[PDB]
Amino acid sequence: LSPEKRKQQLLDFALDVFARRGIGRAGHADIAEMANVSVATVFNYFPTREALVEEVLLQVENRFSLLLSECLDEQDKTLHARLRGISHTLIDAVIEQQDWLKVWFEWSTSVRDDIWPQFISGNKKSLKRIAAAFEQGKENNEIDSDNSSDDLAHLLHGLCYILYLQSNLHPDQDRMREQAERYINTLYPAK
């Protein structure tokens, strides 16, 4: 009933519907019925369908930023330990069927929708941070310097994509952690 808790509950319900039915496939009435509140109440928190999609996608973007922030902001970790931590958190997000990550990947392939500039613009901040991790790895001679940090960062997103699909096919923590390590060793050979 507290306003901040209500708003989060409504956002989580909309994200739930987006993950099940598709981004923007939630009516205010649908959200109202999940929250057992009135339609007027949902419109109080999200005056338009546009505002609801924008704020849900902002939450999704923030969750991805937080996933990288937890693994990349530790100061005493090699590049390969950081990559392992990212792969581990992604795998668990799949096994836990986390709605935000399912919407994140659907968002990424929505290339003809009007929401797709916001996917790109939000994720260049994440690419910048990932590239910084690869640059620090190069400085520490943990990987070779012959490939650009931007290319390495883009390739990490490609790794996350295949790890995402494979973890949905086989949601097995041990099996997928073993798979992630092999991918990382192939893509990012040690130095």
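Position 1 is the first residue in the sequence shown; the rest follow in order.
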| message | If you take the mean CA temperature factor per stretch, which one wins between 156 to 164 and 44 to 52? | response | 44 to 52
| note | Once average C-alpha B-factors are taken from the entry for 75 to 83 and 99 to 107, the winner is 75 to 83
| query | In the PDB entry, which of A133, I143, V60, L67 has its C-alpha at the highest B-factor? | reply | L67
| remark: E178: CA temperature factor from the record, placed by chain third, in the highest
| task | Report the third (lowest, middle or highest) to which the CA temperature factor of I184 belongs, ranking only the modelled residues of the same chain. | result | lowest
